[PDB]
Amino acid sequence: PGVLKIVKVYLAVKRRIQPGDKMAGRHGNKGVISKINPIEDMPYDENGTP
Amino acid sequence: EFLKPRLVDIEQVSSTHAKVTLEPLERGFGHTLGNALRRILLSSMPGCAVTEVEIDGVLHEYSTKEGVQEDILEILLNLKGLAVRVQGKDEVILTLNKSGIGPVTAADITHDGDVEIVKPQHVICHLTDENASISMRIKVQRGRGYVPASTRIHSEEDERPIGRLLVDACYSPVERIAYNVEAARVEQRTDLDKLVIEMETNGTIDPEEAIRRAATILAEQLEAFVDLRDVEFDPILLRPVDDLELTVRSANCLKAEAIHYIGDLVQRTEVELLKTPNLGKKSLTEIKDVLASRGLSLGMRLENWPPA
Amino acid sequence: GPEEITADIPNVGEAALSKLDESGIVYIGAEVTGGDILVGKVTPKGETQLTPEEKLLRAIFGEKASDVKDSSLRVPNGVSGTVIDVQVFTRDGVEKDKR
């Protein structure tokens with residue numbers, strides 16, 4: 001009875017990955033990212049796929 | 001004393017896969033050139049990728065359009081992978097209109113003057129009824145490296161109307177590159193090296209042009225090493241004092257104590273300028289009155305004083 | 001009285017009203033960050049002694065003369081994104097919103 005009108009607003013935000021974001025497998029090996037390396041700096045095998 | 005490598009025996013496996021051969025090379029230069037060229041080619045290769053997309057009926061990337069099978073998010077993800085080659089332009093607009101049943105592919109996009117679609121079988125959306133139509137405009141640019149949509153703000157220097165869906169850009173055509181070194185077929189020399197580079201791109205850039213561009217970039221960077229050598233601000237201040245609308249008995253006294261700027265008057269603490277001859281208690285308040293009218297409270301502390 | 005909801009908000013610049021509709025709700029799809037206005041909700045204030053300064057203020061400015069207090073929902077700092085949906089609801093008997 002005090003209320004006369006109600007309005008509700010929804011926002012959406014796309015969160016990306018970044019150094020501090022926590023990542024883990026499903027064997028219990030957790031961790032925190034440390035550096036987002038550029039493509040050419042990662043180790044690559046004989047066929048060039050990093 | 002060193003043989004100069006030459007570009008010879010360039011062949012293409014497919015429209016994307018390519019092999020490039022550099023036959024004459026010395027002992028240690030094969031690996032050095034291979035790694036440097038791989039890093040240059042992967043890091044910074046000019047290319048073209050979709051920058052923004054405007055669809056007629058949508059309002060935001062998290063909406064659903066009636067008559068299509070995919071959400072607008074998936075349509076944007078599909079467009080992000082579009083491969084297009086432009087010539088002589090850098091802000092080219094692509095329009096796409098289609099009505100009917102079935103997949104809508106990149107071949108439907110209206111034929112622009114100088115725009116080549118490397119692959120036209122690239123499905124981007126599906127129309128699932130007879131009476132639904134899609135009409136959308138794609139603005140595609142030219143760039144160098146990965147640039148997220150979020151990190152660009154200069155595009156908001158001009159206000160963007162609602163309906164502009166910003167997408168991320170990649171700009172890098174070279175998806176994969178590997179190199180290898182082998183013993184050369186030259187028999188007159190004791191032993192020579194031959195370098196083979198395989199590159200898998202999106203088809204936007206020719207392999208030979210890529211190798212030439214990488215070599216030019218490396219040479220330009222080396223040009224630095226070829227010769228080493230090398231072996232009080234706000235407009236309110238810096239303003240002459242003869243504008244504060246001061247009294248006559250102040251002007252001569254103000255000039256007598258070498259106060260020619262507004263700022264140096266502010267830096268005078270209260271207890272010390274009262275020692276000035278004929279300053280005047282009522283007059284001093286008037287200086288404090290008109291100076292505080294500008295918001296400059298007496299007794300501020302500056303670091304350096306320019307002479308202008 | 002009633003805390004009526006309107007687009008027009010006293011003592012707020014036209015820049016902050018760029019994203020407000022004719023009813024006072026952010027357009028669906030507008031991008032919001034920082035402390036942008038979401039809905040213009042004004043709370044009436046109490047005043048019944050028309051002082052001469054008050055009457056001059058009412059004469060030089062609008063009829064309300066900005067006596068209605070502005071209590072508008074705003075984005076808390078550090079929150080960003082694009083507006084997705086608005087789900088306004090009405091009491092029976094009261095005039096329904098345009099939206």
# chains A, B, ... in the order shown; residues from 1 in each chain; ligands from 1
>>> residues_around(residues="residue 6 (chain A)", least_positions_apart="3", cutoff="12 Å", atoms="only C-alpha atoms", output="list in words")
residues 2, 3 and 9 of chain A; 3, 4, 5, 25, 39, 41, 73, 86, 87, 88, 89, 90, 91, 96 and 97 of chain C
>>> interface_residues(of="chain C", to="chain B", cutoff="8 Å", atoms="only C-alpha atoms", output="list in words")
residues 28, 29, 30, 82 and 84 of chain C
>>> interface_residues(of="chain A", to="chain B", cutoff="10 Å", atoms="only C-alpha atoms", output="PyMOL selection string")
chain A and resi 12+14+38-41+44-50
>>> interface_residues(of="chain A", to="chain C", cutoff="7 Å", atoms="only C-alpha atoms", output="list in words")
residues 4, 5, 6, 7, 8, 9, 10, 11, 12 and 13 of chain A
>>> decode(residues="region 69-83 of chain B", atoms="N, CA and C atoms", output="PDB file, in the first residue's frame")
ATOM      1  N   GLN B  69      17.939 -18.490 -36.765  1.00  0.00           N
ATOM      2  CA  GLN B  69      18.222 -19.606 -35.875  1.00  0.00           C
ATOM      3  C   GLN B  69      19.195 -19.251 -34.759  1.00  0.00           C
ATOM      4  N   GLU B  70      20.054 -18.259 -34.956  1.00  0.00           N
ATOM      5  CA  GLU B  70      21.112 -17.954 -34.009  1.00  0.00           C
ATOM      6  C   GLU B  70      20.853 -16.623 -33.319  1.00  0.00           C
ATOM      7  N   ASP B  71      21.290 -16.533 -32.066  1.00  0.00           N
ATOM      8  CA  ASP B  71      21.232 -15.280 -31.336  1.00  0.00           C
ATOM      9  C   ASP B  71      22.168 -14.262 -31.974  1.00  0.00           C
ATOM     10  N   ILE B  72      21.993 -12.996 -31.595  1.00  0.00           N
ATOM     11  CA  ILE B  72      22.866 -11.965 -32.143  1.00  0.00           C
ATOM     12  C   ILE B  72      24.297 -12.166 -31.669  1.00  0.00           C
ATOM     13  N   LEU B  73      24.485 -12.707 -30.465  1.00  0.00           N
ATOM     14  CA  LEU B  73      25.835 -12.993 -29.992  1.00  0.00           C
ATOM     15  C   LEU B  73      26.553 -13.949 -30.935  1.00  0.00           C
ATOM     16  N   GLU B  74      25.880 -15.030 -31.329  1.00  0.00           N
ATOM     17  CA  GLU B  74      26.518 -16.000 -32.207  1.00  0.00           C
ATOM     18  C   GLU B  74      26.747 -15.422 -33.597  1.00  0.00           C
ATOM     19  N   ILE B  75      25.860 -14.539 -34.061  1.00  0.00           N
ATOM     20  CA  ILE B  75      26.082 -13.874 -35.342  1.00  0.00           C
ATOM     21  C   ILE B  75      27.336 -13.012 -35.284  1.00  0.00           C
ATOM     22  N   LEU B  76      27.521 -12.273 -34.189  1.00  0.00           N
ATOM     23  CA  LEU B  76      28.726 -11.461 -34.053  1.00  0.00           C
ATOM     24  C   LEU B  76      29.975 -12.330 -33.978  1.00  0.00           C
ATOM     25  N   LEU B  77      29.901 -13.450 -33.256  1.00  0.00           N
ATOM     26  CA  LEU B  77      31.044 -14.359 -33.204  1.00  0.00           C
ATOM     27  C   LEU B  77      31.363 -14.920 -34.586  1.00  0.00           C
ATOM     28  N   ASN B  78      30.331 -15.222 -35.375  1.00  0.00           N
ATOM     29  CA  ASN B  78      30.537 -15.701 -36.738  1.00  0.00           C
ATOM     30  C   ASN B  78      31.167 -14.629 -37.616  1.00  0.00           C
ATOM     31  N   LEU B  79      30.719 -13.382 -37.473  1.00  0.00           N
ATOM     32  CA  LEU B  79      31.265 -12.307 -38.293  1.00  0.00           C
ATOM     33  C   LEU B  79      32.703 -11.992 -37.920  1.00  0.00           C
ATOM     34  N   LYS B  80      33.067 -12.172 -36.649  1.00  0.00           N
ATOM     35  CA  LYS B  80      34.429 -11.871 -36.224  1.00  0.00           C
ATOM     36  C   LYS B  80      35.458 -12.658 -37.024  1.00  0.00           C
ATOM     37  N   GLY B  81      35.087 -13.835 -37.514  1.00  0.00           N
ATOM     38  CA  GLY B  81      35.960 -14.669 -38.305  1.00  0.00           C
ATOM     39  C   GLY B  81      35.920 -14.424 -39.793  1.00  0.00           C
ATOM     40  N   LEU B  82      35.230 -13.381 -40.243  1.00  0.00           N
ATOM     41  CA  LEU B  82      35.146 -13.100 -41.668  1.00  0.00           C
ATOM     42  C   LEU B  82      36.504 -12.675 -42.216  1.00  0.00           C
ATOM     43  N   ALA B  83      36.832 -13.166 -43.409  1.00  0.00           N
ATOM     44  CA  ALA B  83      38.098 -12.871 -44.069  1.00  0.00           C
ATOM     45  C   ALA B  83      37.823 -12.100 -45.351  1.00  0.00           C
TER      46      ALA B  83
END
